[PDB]
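Let me begin by presenting the structure, written as structure tokens, before commenting on it.
Computed from the coordinates by the stated procedures, all read-outs in this text should not be read as laboratory data. Quick reminder, even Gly has a Cβ in these numbers, built from the backbone with ideal geometry, and neighbours come from all protein chains shown.
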Ligand SMILES: [Mg+2]
């Protein structure tokens, strides 16, 4: 339940390992500024939702072995944490992808930003205008092109007819 | 419940348009259109505007569809001055009244035709009118209308006389 | 890679289509109000040329009409194929074969829309036709999709509404003349278009849960299951094995029963009688 | 009625081929007759229904031609008997 851990202002290490937690929400943890490490090993966490790790500034050590990590964009905020909090090699070798496919059982630390460039980047200010203007601009261009083609064809036909009426 | 063919014709500069009213039917309209738009005739752009109270059926709607740019239809009554203003009788080059050649009472059909021509003359006297008359005497009745003047062009085609 | 979606950005495509349609309306109404408050014509010449093109009055016109028929069927098939894919996905334009075909179809539909607009008598009442609307909510999203390398299966079901303008196509080509056959094609087109469009809308709203619940009401209904659900619904049978669970799906079902059960009950017996 | 019930029986007892016959429903012929009567009568209890893809497809295409047939035949038969 969200807010379960809220009153615990002085938490340092929280253990949730060996459980059947399918999904962990940002509101479940609450604000834990003093939380220094978290344990989530041997669980059913398919992926960490965005905004979960944003409320733990002091989270320096994290355990993620034996978890069904579906290596997609849903864990983009996760690996970005791992890049700035390197894991020990013994722990790193056990943290692997789980999804069948291109990324099966590949270490999470082996995925770089370029590997997930296709993922949803935050909204920009150029593309925001481009998507808004693409529709009407394309419709106007099509209308102008049709008008120009029709005008040219009609002028050509009229010129051919009046220059060659007697011919 | 709606009027799908209710609308006002728009006069086009440089293009003469004629109005056809009276006995409008699939066979009659098809014959008129194949005579009017024949290839052997000189290339003149004339817009046909049909005015009739009864809404066209699927066959007549399809026939108007084949002549998409050539013809137009507007559901209305010839008696109403508003309907006559909708089809632009004021700017029309001519008005043609078709007749039901095959009718129970030829005098009644002639009465309907003189109705229609009197209505057009009442709304606009200058307009030239081409009509069909089943009986010869009703043509003489047509001559009694004040605006029925032959000099500028005004034609009564008596089927009995010509036959 | 895989699993390319973690969030939702449907508002891009939706707002592109919406701004196209509403900007057209605003410009037309502003032109009307501005006019209210203040040879033979080359505009008339191009309008007449476009009117000849829209009809099958010339060989090139017949070719255009037959192409419109074929590409409407093709775009419907493309939507059917893409229905299996997830609601939102990331794909590459120059490495996938379906997006190129869809782009060609939409470019053709845009040019055809331009021709129809040139040929139109009243611009305002042309802007509010169903064909124009389905052109507004189908082509701009595909252009946005190719620009952003991100495909959202949104209002693509509206392509089924392009199936309505088929009796008129056959009437232009002189194929369809007698009143009974025109009535048959009209009834069949309207019935099948409404069926497939409602099924597509149900598929979209069920696979993408209602927004105020953070999209947590997914039912995972395939398109064929939604077609079957619509058939069972407007047929009044109502098995209950498949039904709409989201609030938006239930709302559309409530507002669609009123207009769809009557449509079924008046169209199916008439179609059967006319074929008989 | 009997032919449609038999087709449902065959299709449901033999699951769609592309699923390697993994969609058996094991309906008796009487259950299929009852289902067809409930369907083309527009009642639609939902306690018995077709689950295979082929069965659902046939049911969709049979609804159109069978509900009208029921609604046109049953009152006429009752009137003739009366
Ligand atoms: Mg016109």
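At-a-glance table
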item	result
Identity of the residue in segment C:51-60, at the interface with another protein chain (Cβ under 9 Å from one of its Cβ atoms) and farther than 16 Å from residue B:47 by Cβ, that ends up farthest from the ligand (Cβ to nearest atom)	C:56
Index of the failed condition, residue D:71 passing every other in (1) at the interface with chain C (Cβ under 9 Å from one of its Cβ atoms); (2) under 15 Å from residue C:228 (Cβ atoms)	(2)
Considering residues of segment D:32-51 that are out of contact with any helix residue (DSSP H, G or I) (no Cβ under 6 Å at 6 or more places or on another chain) and crowded, with 17+ Cβ neighbours inside 10 Å only, the residue nearest to residue C:267 (Cα to Cα)	D:39
One residue from A:70, A:101 being assigned to a loop (DSSP other than H, G, I, E, B), within 11 Å of chain C (Cβ to nearest Cβ) and more than 25 Å from residue A:29 (Cα to Cα)	A:101
Enumeration of residues in segment A:83-98 that are under 20 Å from the mean Cα position of the chain (by Cα) and outside any loop (DSSP other than H, G, I, E, B)	A:83, A:84, A:96
Residue list for segment C:167-184, filter: exposed (fewer than 14 other Cβ atoms within 10 Å of the Cβ), within 7 Å of another protein chain (Cβ to nearest Cβ) and part of a helix (DSSP H, G or I)	none
Per-region count, segment B:64-109, residues within 16 Å of the ligand (Cβ to nearest atom) and farther than 28 Å from residue C:168 by Cβ	3
Residues of segment B:77-118 that turn out to be more than 12 Å from the chain's Cα centre (by Cα) and at negative phi, as a count	25
Answer from C:258, C:274, C:229 - the residue that is in a helix (DSSP H, G or I) and surrounded by 15 or more Cβ atoms within 10 Å (Cβ to Cβ)	C:229
Residue D:15 vs. criteria crowded, with 18+ Cβ neighbours inside 10 Å and assigned to a loop (DSSP other than H, G, I, E, B)	yes
Residues (closer than 24 Å to residue B:88 by Cβ and either surrounded by fewer than 19 Cβ atoms within 10 Å (Cβ to Cβ) or away from chain C (no Cβ under 14 Å) (or both)) located in segment B:52-62	B:52, B:53, B:54, B:55, B:61
From the options A:115, A:155, residue that is at the interface with chain C (Cβ under 9 Å from one of its Cβ atoms), surrounded by 12 or more Cβ atoms within 10 Å (Cβ to Cβ), out of contact with any helix residue (DSSP H, G or I) (no Cβ under 6 Å at 6 or more places or on another chain) and under 30 Å from residue C:41 (Cβ atoms)	A:155
Among (1) over 30 Å from residue C:55 (Cβ atoms); (2) in contact with a strand residue (DSSP E or B) (Cβ under 6 Å, 6 or more places away or on another chain); (3) assigned to a loop (DSSP other than H, G, I, E, B) - the single one residue B:78 does not satisfy	(1)
Segment C:81-92, residues that are exposed (fewer than 13 other Cβ atoms within 10 Å of the Cβ) and in a helix (DSSP H, G or I)	C:81
Count - residues of segment C:107-116 that are facing chain A (nearest Cβ under 9 Å), surrounded by fewer than 21 Cβ atoms within 10 Å (Cβ to Cβ) and within 16 Å of the ligand (Cβ to nearest atom)	0
Leading residue by the ranking (nearest to the ligand (Cβ to nearest atom)) among those in segment B:1-26 that are under 20 Å from residue B:69 (Cβ atoms) and assigned to a strand (DSSP E or B)	B:17
Options D:63, D:78; residue that is more than 10 Å from chain C (Cβ to nearest Cβ) and either within 17 Å of residue C:242 (Cβ to Cβ) or exposed (fewer than 12 other Cβ atoms within 10 Å of the Cβ) (or both)	D:78
Positions within segment B:27-51 being away from the ligand (no atom under 15 Å from the Cβ) and either surrounded by fewer than 16 Cβ atoms within 10 Å (Cβ to Cβ) or part of a strand (DSSP E or B) (or both), in sequence order	B:27, B:30, B:31, B:34, B:35, B:38, B:39, B:40, B:41, B:42, B:43, B:44
Any hit, segment D:30-50, residues being more than 20 Å from residue C:240 (Cβ to Cβ), outside any helix (DSSP H, G or I) and out of contact with any strand residue (DSSP E or B) (no Cβ under 9 Å at 6 or more places or on another chain)	no
